[PDB]
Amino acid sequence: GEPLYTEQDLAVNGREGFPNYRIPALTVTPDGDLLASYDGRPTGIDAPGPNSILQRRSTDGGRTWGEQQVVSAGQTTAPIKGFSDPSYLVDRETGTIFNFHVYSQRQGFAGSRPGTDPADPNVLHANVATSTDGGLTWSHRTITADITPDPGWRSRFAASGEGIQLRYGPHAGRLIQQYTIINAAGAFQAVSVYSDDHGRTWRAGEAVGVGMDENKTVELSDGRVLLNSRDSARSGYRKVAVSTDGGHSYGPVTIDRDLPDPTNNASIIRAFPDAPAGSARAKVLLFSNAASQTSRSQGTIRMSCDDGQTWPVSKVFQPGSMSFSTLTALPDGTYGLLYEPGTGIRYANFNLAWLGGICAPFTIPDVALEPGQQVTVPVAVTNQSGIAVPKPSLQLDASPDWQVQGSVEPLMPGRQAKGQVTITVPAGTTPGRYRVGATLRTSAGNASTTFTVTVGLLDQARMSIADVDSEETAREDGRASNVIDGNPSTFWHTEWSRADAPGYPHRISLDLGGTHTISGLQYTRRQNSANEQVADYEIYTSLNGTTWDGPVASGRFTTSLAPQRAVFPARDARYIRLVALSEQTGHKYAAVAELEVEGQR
């Protein structure tokens, strides 16, 4: 219907008792009252800041808000106490409300030491406040010893925002709160902490993943539990995993390249949390995060209508500063959104009509071509909307001088639709990888996708590592093969975890999988770190793998984050070798996110 988006501040830094306010948690009580919670930070820091958990209630569906109250009061006088990083969880069967948060004294998350005793001042404790009166008053407990079944778990905190209650399946009624832990190897792991007796007792399931951080769970149309996590190893995306046992244990963790993220919190909720299992509505998810890889800005709502397999719909709600954000579904069918604009804590309301999307995810294959050429690629629209669309159009976004055009056949409820894109690349186009955005426009809303057009590059999927001088595999994944996976987010990194690792020169050699006319190498430096950057280099080629011709090119790369070209007169080769002679500021290691080869495939 009529689009709604409205916003109001609930806490402004410096006003009402605190110089800084952060870390939003938002819920709707069984009453329909809204509760917003967040930290008061007297010293403006995370734990062990002597922080308070605070709370405002709205009893008119979000429009006006009552006084800021204290849920858990920090102690600014020695001995210091801090309570920080709230997450609400409503038990909608009993009505009891929970607010999870840290109890810190001397140590925060990084500094916490092994041990579970409630009074240990060097332990970052796991606390929870329980309300049996709709969030008006609160009792308090430390559950650290209940949720630390591994003595090597020296640290934990509840991921702030909002936990869930399961509605489906053998574990219906389970309360699930996400936590992050630090194990004895010092890896950050995710784990669900859950209660099956309505909050009386809590336990941890099995920890999952490495390079995890604040993570969130949601129940899918089929009762599976989807985990969606911040990556503390800073890939520039979200991490994901799924459980088939109600949160007890998760399958393998993967990087989700549909969801750019700058290492920041986020929220994932059911659009229709009361929809029955397996129903079309049960499959609808909303996601909120900063949709940038390098900054906490471009806050964006995405929608999936297939239990999170695809995210065809997105809309920006905050082009500027946008840090933590947390969604909840309101009784009136609209959505609550509590987030950090930079000046404290702000609350927004929006409806689906504002989002403006259509559940019609679509695919366009990646395609490779030569300068000058024209190719037509197929478009497949999977229509999940249930509605007929007689006049879809496809709008494409490509290089300013490329000829692109597209079209889609009418959409039919429950059916796949065919389309086509025709692309002409002008002669003289620089070899490289080109992202093309595509929008499906309909009177019932829009969906989008991207696809890659490769001009004058060899196919990486035919390549393999012929040799490498050095690679770290023990303390991180710096495999040489990471240069040819088509992902700027994974990288080769020379060995670093032993002191006897070599320094420069470093060397990586690719087998192209067969002989090609080649004329260039494209280097992309590591994206999330700046002290392993190749400077001086040479490139050699070979027909047999053993007799190397060259250097066929040499120079000095810049610090640019974009692919860098090193071109050479065209020749036939089956192998190409990069010799990295130096690092930009004289450091010991090399790291390369991607190597592309210019040539006739």
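In this text, residue numbers run from 1 along the sequence as written.
Higher mean CA temperature factor between 491 to 499 and 392 to 400: 392 to 400, per the PDB entry. Averaged over Cα atoms, the B-factor as recorded in the entry is higher for 355 to 363 than for the other of 259 to 267 and 355 to 363.
Across the options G161, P371, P121, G223, the residue with the most elevated CA B-factor in the record is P371.
For the set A184, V284, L89, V193, the PDB entry assigns the largest Cα B-factor to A184. For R63, the recorded CA B-factor ranks within the highest third of the chain. Only modelled residues enter the ranking. Ranked within its chain, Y103 lands in the lowest third, by CA B factor from the PDB record. Ranked by C-alpha B-factor against the other modelled residues of its chain, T76 falls in the highest third.
In the PDB entry, a CA B factor belonging to the highest third of its chain's modelled residues is recorded for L10. When the modelled residues of the chain are ordered by their C-alpha B factor, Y434 lands in the highest third.
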